[PDB]
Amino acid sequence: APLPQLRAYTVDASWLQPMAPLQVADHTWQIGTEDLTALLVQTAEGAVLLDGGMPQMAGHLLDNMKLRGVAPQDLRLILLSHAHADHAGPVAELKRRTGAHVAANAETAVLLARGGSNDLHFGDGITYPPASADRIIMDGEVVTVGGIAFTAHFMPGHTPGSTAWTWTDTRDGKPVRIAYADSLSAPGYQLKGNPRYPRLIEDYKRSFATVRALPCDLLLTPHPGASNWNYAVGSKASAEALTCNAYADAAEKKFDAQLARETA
């Protein structure tokens, strides 16, 4: 009886369904797929990319950046929510083909440095090509590119380096405060007494309060369904979107019920 074969990381087909650039604000564009968020922010001095999706999406992101008139050498910075393969997949290839830098916190940098291997909950099952972080950022730090200020807010939980990014854009000249909050889920995580993450419950709870207090007029999440975004219906995508309170309060109820069912 031979040893088992390696198994690839397969996802839903909608996660890999490419879409054209859907506009969020005057400078913010969704250029990922129907079920994976990849945000582009075009400024006067360059573009900024927030997350990238699956590893095989690198070419699709570049095609959509070309549609927005953004050349590869115009991408200045890559920001991340958390360093899992379904969000930070193409980061390594994007750095090679765009000449961009990656800014992330220490926890996301070390997870990105080993390509998602030795995950606290997933082990080596979800692995992507590794990449290095060029700039380490702290909680509440401000990253400015082309006059647009990106503020990081640590929200540990899904990964130890989970980060929410908030910035202020315009919509026909009216200022809108966009908050890109990371996921607050724990799919199959051992919450109680996890040796690889002893203070996991304290971090999740403290992150729920963090998401509630985010300066936010419009919320987006790495998975659009988590905040009731529907990238497929085009104009009416943000119709039934959730608030920061509604998103954090719904996520905490799921966390407590899962925590209660774990004690069984």
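Counting begins at 1, following the sequence as shown. Definition used throughout: the rigid core is the maximal C-alpha set that superposes within 1.5 Å between two forms.
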Exercise. With the rigid core as the fit anchor, does 79-87 or 167-175 show bigger C-alpha shifts in 9 other deposited structures of this protein?
Worked result: 167-175
Exercise. Comparing 241-249 with 7-15, which stretch shows the greater average C-alpha B-factor in the deposited entry?
Worked result: 7-15
Seminar exercise, completed: Per the PDB entry, mean CA B-factor is higher for 116-124 or 164-172, namely for 164-172
Problem set entry | Peak C-alpha temperature factor (PDB record), options 41, 233, 209, 38 | 233
Seminar exercise, completed: Reading the B-factor column for Cα atoms of 51, 63, 203, 26, the highest value belongs to 26
Problem set entry | residue 192 by Cα B-factor - lowest, middle or highest third of the modelled chain | highest
For this session: Please rank the C-alpha B-factors of the chain's modelled residues and tell me whether residue 216 sits in the lowest, middle or highest third.
Result: highest
Problem set entry | Third of the chain, ranked by Cα B-factor, where residue 57 sits | lowest
Problem set entry | residue 74, C-alpha B-factor rank within chain (lowest, middle or highest third) | highest
For this session: Quick one: classify residue 198 as lowest, middle or highest third of the chain based on its Cα B-factor.
Result: middle
